[PDB]
């Protein structure tokens, strides 16, 4: 509902993609956003609908139903989707980027043919499992065991905070094969695999998050993803691309902030208010510029850990700040659950923690700068 903004000239294809996703999001997602938050449940019908629109495999190969587009495209879809529901945006990102994109980049032809088509149609839901109760920030200290036994790897332990955890049919799981790390393709139907009950979160309540438990979970050796002991490389790259695409989550939240604020103020010319509005608009636009420039850079093949970390750092902090201003501009009404401003705040905060914290991002950028400039 607030649609002014700087044109970035992303090209006809991406403009069409934007108009498409925006139409889909306003018609099919936005009406369910509040309900998803209130019921604490992802609206499952969206999986196939997004599959049918080609959003789920947007950066995956056209062999398997994918659209073969790039990270700028993915950012735009993620932004429109998150604009309608940040929760659906987060689940979508975790499926389409965390799971699908890692398989597409590190998977062998046989593996991709086996797992991708259903992930891309939305028949299967995907997840990525890296974090553990005692290994979050310090992720390489993970303790999930994977012991070779015949033509199988037996998995023992747990993962935590997994987006789409209770629903995922296919998961990319990192495990210690030598306490070092290996990535595995895990099916929900593998015996010894279980999901915990969904978490009760401050925000992202439409997004089903759970622990995972592995009790003698047998994984075929042909389901290793990217080679034994080479899980850390796979992980690292996975974090880069995660960072760029997920930074569009905050973008969508910021767009939603203006969506509620501007019409509100037009149904309800004070100067402090106009200044507040200006700061929101300018922030939104700068954040867009930065994220799109980083995404285009990734598409040209200049992926730097620095700038991906930087754009999610920046966008996440700005989205939270702006949600606070959205509530503020609405006043008392903004403090009620009758308006979505509160939910925008609750949702936005996740991005300063998930995908690595602000602290970890700042440190990565600092250490990297210092390392390359010596």
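Positions refer to the first chain, counted from 1.
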As recorded in the PDB entry, how many deposited residues are without coordinates between residue 179 and residue 180: none, 1 to 3, 4 to 9, or 10 or more?
-> 4 to 9
Using none, 1 to 3, 4 to 9 or 10 or more, say how many deposited residues go missing between residue 149 and residue 150.
-> none
Averaging the C-alpha temperature factors as deposited, the higher value of 170 to 178 versus 88 to 96 falls on 170 to 178
Comparing mean C-alpha B factor in the record for 230 to 238 and 252 to 260, the higher one is 230 to 238
Select one of 110, 73, 294, 246: the residue whose C-alpha shows the highest B-factor in the crystal structure entry.
-> 110
Would you mind finding, among 201, 198, 288, 266, the residue with the largest C-alpha temperature factor in the entry?
-> 266
Ranked C-alpha temperature factor of residue 193 among modelled chain residues, by third = highest
Residue 164 - Cα temperature factor, lowest/middle/highest third of chain | lowest
Residue 345's Cα B-factor: lowest, middle or highest third of the chain?
-> lowest
Where the record places residue 118 (Cα B-factor, split into thirds across the chain) | middle
Taking the values exactly as deposited, rank residue 217 by C-alpha B-factor within its chain and report the matching third: lowest, middle or highest.
-> highest
